[PDB]
Amino acid sequence: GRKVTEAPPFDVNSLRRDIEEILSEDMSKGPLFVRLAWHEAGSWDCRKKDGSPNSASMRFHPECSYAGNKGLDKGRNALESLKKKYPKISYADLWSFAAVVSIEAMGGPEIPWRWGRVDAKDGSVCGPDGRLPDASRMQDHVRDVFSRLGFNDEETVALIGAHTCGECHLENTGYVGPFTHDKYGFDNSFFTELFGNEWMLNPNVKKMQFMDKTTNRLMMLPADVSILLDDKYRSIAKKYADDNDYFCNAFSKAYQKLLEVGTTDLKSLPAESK
Ligand code: HEM
Ligand code: NA
Ligand code: NA
């Protein structure tokens, strides 16, 4: 084990500023980068110890063409110019970093980030499909997926609270709309809106989704509203709705863990780079 501290081969403080500038020109890329890094880690099986998480294996087939990753080409493409500018960064480090920077940019927690991920060089390391969650399914499927990733219920609910930011796109997943009225803010408001609305069927979307009664401008997936139906998940979501600092600190710990599954030999930044 034992902590290793070392300056990375790239200029992390300049890289962070370049990412922030991308976000200031196009805030929609912030939630996109958070989803990108999550899908790159979401292939993990903590039992089989496979799926090539945190390795930018999503840059290869078949993983890049799995339905759960549709739209993430826009995320990969959006970082190619920073890859060229900082050529000593791995794609895996760049994706994960861009996600932690995005979260901090949207007013979210400052999430500790370590470097050293090594990029997949071919498709042979890609694990199979059906590792990413199915939005059309409910709480048992959610628990099955998050237990396979190595998370408990408190970490599962906190991670799903990332839908505080961003929105669904019909062209990517057949789902449409934001989860909150502040989609470029990172806070507990996915839980506030979840408890604070009556969810009804949206009759105008072919894939089954909900809308809020009050405005019809929010949406929830079946997997999202399954947090209300599971007694255990509901109790945990209420704690997060009630206490944004507790939600932010739970999300920070769980998202760092996510961006580190199936990794070795990671390095802490020198206090001044972090
Ligand atoms: C039950 C588990 C989850 C399911 C079923 C799920 C499903 C989805 C779907 C279907 C979208 C819409 C994607 C699109 O059309 O562009 C989405 C967006 C998003 N998801 Fe998830 N998700 C889950 C968990 C998570 C986790 C764990 C995170 C991160 C820790 C995450 C973060 C995001 C973000 C940030 C967006 C917005 C992307 C953007 O605005 O481009 N999700 N999710
Ligand atoms: Na992967
Ligand atoms: Na929000």
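For the single chain, residues carry numbers from 1 onward in sequence order. Every number for a ligand or one of its atoms is a count from 1 in the order of the listing. Any value given below was found using the heavy atoms of this structure, including those in side chains, with hydrogens, waters and symmetry copies removed.
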field: Ring centres under 6.0 angstrom apart (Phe251, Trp38)
entry: no
field: Given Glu167, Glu193, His163, the one that forms side chain to side chain contact (heavy atoms under 4.5 Å, CB included) with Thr180
entry: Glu193
- request: Count the heavy atoms belonging to other residues, nucleotides or ligands that lie under 6.0 Å from CD of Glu171, then report whether that count exceeds 12.
  value: yes
- prompt: Which one holds for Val145 and ligand 1: side chain close, backbone close, both close, or neither close, with close meaning a heavy atom under 4.0 Å?
  reply: neither
- prompt: In terms of residue, atom name and distance, what is the protein heavy atom nearest to atom 39 (C) of ligand 1?
  reply: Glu167 O, 3.7 Å
- request: Taking only heavy atoms of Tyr255 into account, list the atoms of ligand 1 that are under 4.0 Å away from them.
  value: 30 (C)
message: With respect to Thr173, determine whether any N or O atom, backbone or side chain, lies less than 3.5 Å from an N or O atom of ligand 1.
response: yes
task: Please report which non-hydrogen protein atom sits nearest to atom 16 (O) of ligand 1, along with the residue it belongs to and the distance in Å to one decimal place.
output: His169 ND1, 2.8 Å
- prompt: Is any NZ, NE, NH1 or NH2 atom of the basic residue among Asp212 and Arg217 found under 4.0 Å from an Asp or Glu carboxylate oxygen of the other?
  reply: no
task: Of all N, O or S atoms in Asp182, identify the one at the shortest distance from the Na ion (ligand 3).
output: O
query: Stepwise, does the side-chain hydrogen bond (donor to acceptor under 3.5 Å, both in side chains) test hold for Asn69 with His39?
result: CA-CA 7 Å; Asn69 288 335; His39 278 205; 2.8 Å; yes
- request: Take atom CE of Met208 as the centre, draw a 6.0 Å sphere, and report whether it contains more than 12 heavy atoms from other residues, nucleotides or ligands.
  value: no
task: Can you spot which of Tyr246, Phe247, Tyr233 makes a ring-ring contact (aromatic ring centres under 6.0 Å, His included) with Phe191?
output: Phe247
query: In the protein, what heavy atom is nearest to atom 11 (C) of ligand 1, and what distance, to one decimal place, separates them?
result: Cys168 SG, 3.8 Å
query: Counting each atom of ligand 1 from 1 as listed, which ones have a heavy atom of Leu221 under 4.0 Å away?
result: 7 (C), 8 (C), 9 (C), 10 (C)
Atom NZ of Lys207: over 12 foreign heavy atoms under 6.0 Å: yes
task: Please indicate whether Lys267 has more than 12 foreign heavy atoms, meaning atoms of other residues, nucleotides or ligands, lying under 6.0 Å from its NZ.
output: yes
Quiz: residues 87-94 side-chain donor-acceptor pairs under 3.5 angstrom, not counting sequence neighbours:
residue	atom	partner	partner atom	Å
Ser90	OG	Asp93	N	3.0
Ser90	OG	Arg117	O	2.9
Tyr91	OH	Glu80	OE1	2.6
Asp93	OD1	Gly116	N	3.4
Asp93	OD1	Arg117	N	3.0
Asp93	OD1	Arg117	NH1	3.0
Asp93	OD2	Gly116	N	2.9

- prompt: Could you go step by step and tell me if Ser189 and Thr192 meet the side-chain hydrogen bond (donor to acceptor under 3.5 Å, both in side chains) rule?
  reply: CA-CA 5 Å; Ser189 61; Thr192 307; 5.8 Å; no
query: Rounded to 10 degrees, what angle sits at the Na ion (ligand 2) between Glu40 O and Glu63 OE2?
result: 120°
- prompt: Just wondering, are more than 12 heavy atoms of other shown residues or ligands nearer than 6.0 Å to NZ in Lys238?
  reply: no
- request: Enumerate the protein N/O/S atoms at a distance below 2.8 Å from atom 21 (Fe) of ligand 1, ignoring waters.
  value: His163 NE2
query: Which residue owns the protein heavy atom closest to atom 35 (C) of ligand 1, what's the atom, and how far is it?
result: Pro31 O, 3.3 Å
- prompt: From the Na ion (ligand 2) out to just under 3.0 Å, does an N/O/S atom of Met58 turn up?
  reply: no
message: If I take every N, O or S atom of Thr164, is at least one of them less than 3.0 Å from the Na ion (ligand 3)?
response: yes
